[PDB]
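Below sits a lone chain in structure tokens, taken as the form deposited without the DNA.
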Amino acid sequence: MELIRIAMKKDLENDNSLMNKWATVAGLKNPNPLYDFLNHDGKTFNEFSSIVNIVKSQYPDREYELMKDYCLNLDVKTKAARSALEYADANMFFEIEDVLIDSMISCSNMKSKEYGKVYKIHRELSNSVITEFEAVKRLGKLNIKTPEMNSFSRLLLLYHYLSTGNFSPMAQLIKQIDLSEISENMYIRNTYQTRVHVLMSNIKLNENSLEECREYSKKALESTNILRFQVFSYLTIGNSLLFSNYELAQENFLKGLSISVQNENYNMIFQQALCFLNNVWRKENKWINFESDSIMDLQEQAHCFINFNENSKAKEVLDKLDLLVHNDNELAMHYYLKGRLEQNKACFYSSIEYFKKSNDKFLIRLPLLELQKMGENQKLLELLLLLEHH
């Protein structure tokens, strides 16, 4: 048996009311599939949310342990296995996910093989094994048939656009996704819906449409019980308040921290959001990572040094940054930091240029402010706001 089933039987001996509890949690509408699940090997529910909700309601502290065991004992040709692939990916359980992909690609079920091949494209692109052009080419050559994978083929590009600061294509591409065409696997329809909520929220953020940003993140939170999606929802809500409400921004970062501090990756992501928050507000900053050579962390070192008039220490950090490769959104911030250090309007104009190229209407408020303080003409600033890059 599976660890989850061993543990479900043991606690069934000591408590029988669990059967009605487990059946209502899994939405079964009568407990026959449960009994079916436990008594015979290989029996799967028809919707994956039946185990996940049960593993959440009753063994929440060992979700990973139990699902890593169950998922990797699942026949990779089944619908539950195809579901476990999305479960693993959405939770960023790459140990579960990368094993399923290998088994599904070499397997004899074509639907599983399609899921596997496109999730593999997502994994290689998000680890910079292939370029965006190669990912697109490979997806075309796949001749994708399921509505699930036609949806995810667009999700993986949207995640790549986000991470590479290339925001202009995202809105048109996200609008091509039609989740209603997914009708056989509700778990995948339901998690993909949460994905689209988080992504729309981020698209709104970068459009400087902050109220609508917060609505989509609120919809995302209400629509999910997956920790990864709660994390990025509180992060995006917090970030929408960066320039307006310091304490409410901090409160969302600390709320996201309260459910995720144990995880090293999530711990770092809220540390960085808090670090940028305190730099924008020019406060003392206990969140800087002085032991890092990532662009984000070095930029925050320089931003803080600049806020406190430590110009040579700032220049020293920016000398390091000059020798690192930047994407367009990172380079925009780089020139903004330079413009503040040198009090040089041309560097602020180069920052705007790259914020326009990345199509970031949110962070561009930083160089615009500095040009305002230096007495820039108001019609000129209005002009720069209404012109785009294309």
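Only the largest set of C-alpha atoms that superpose within 1.5 Å between the two forms is called the rigid core. All residue numbers are counted from 1 along the displayed sequence.
As listed in the deposited structure, the average C-alpha B-factor of 344-352 and of 66-74 is greater for 66-74. Just going by the entry, 103-111 versus 264-272 on mean CA temperature factor gives the higher value to 103-111. Which of 321, 26, 331, 364 has the largest Cα B-factor in the deposited entry comes down to 26. When the modelled residues of the chain are ordered by their C-alpha B factor, residue 308 lands in the middle third. For residue 98, the recorded CA temperature factor ranks within the highest third of the chain's modelled residues. Residue 297: CA B factor lies in the lowest third for its chain, per the PDB record. In this PDB entry, residue 251 carries a Cα temperature factor that places it within the lowest third of its chain's modelled residues. Among the modelled residues of its chain, residue 370 has a C-alpha B-factor that falls in the lowest third according to the deposited record.
One more form of this protein exists, namely the form deposited with the DNA bound; it is left out here, but the text below deals with it.
Partner proximity in the bound PDB entry, defined as non-hydrogen atoms within 4.5 angstroms of the DNA, places exactly one of 32-40, 51-59, 338-346, 352-360 at the interface: 32-40. When you look in the bound PDB entry, the only residue of 313, 79, 154, 160 with a non-hydrogen atom within 4.5 Å of the DNA is 79. Interface residue among 218, 137, 145, 283 relative to the DNA in the bound PDB entry, by the heavy atom within 4.5 Å criterion: 145.
Interface residue remark: residue 28 is counted as part of the site for the DNA in the bound PDB entry, having a heavy atom within 4.5 Å.
In the bound PDB entry, no heavy atom of residue 223 sits within 4.5 Å of the DNA.
Contact annotation for residue 208: none of its heavy atoms lies within 4.5 Å of the DNA in the bound PDB entry. Not displayed here, the DNA is approached by residue 184 to within 4.5 Å at the level of heavy atoms in the bound PDB entry. Residues of 119-139 include none with a non-hydrogen atom no more than 4.5 angstroms from the DNA in the bound PDB entry. Superposed on the rigid core, the two forms differ between the shown form and the other one by 2 Å or more at the C-alpha of one listed residue only; from 270, 216, 119, 87 that residue is 270. Look at residue 262 and residue 6: in the bound PDB entry their Cα atoms come 3 Å or more closer than in this form. Relative to the displayed conformation, the Cα-Cα distance from residue 270 to residue 163 grows by 3 Å or more in the bound PDB entry.
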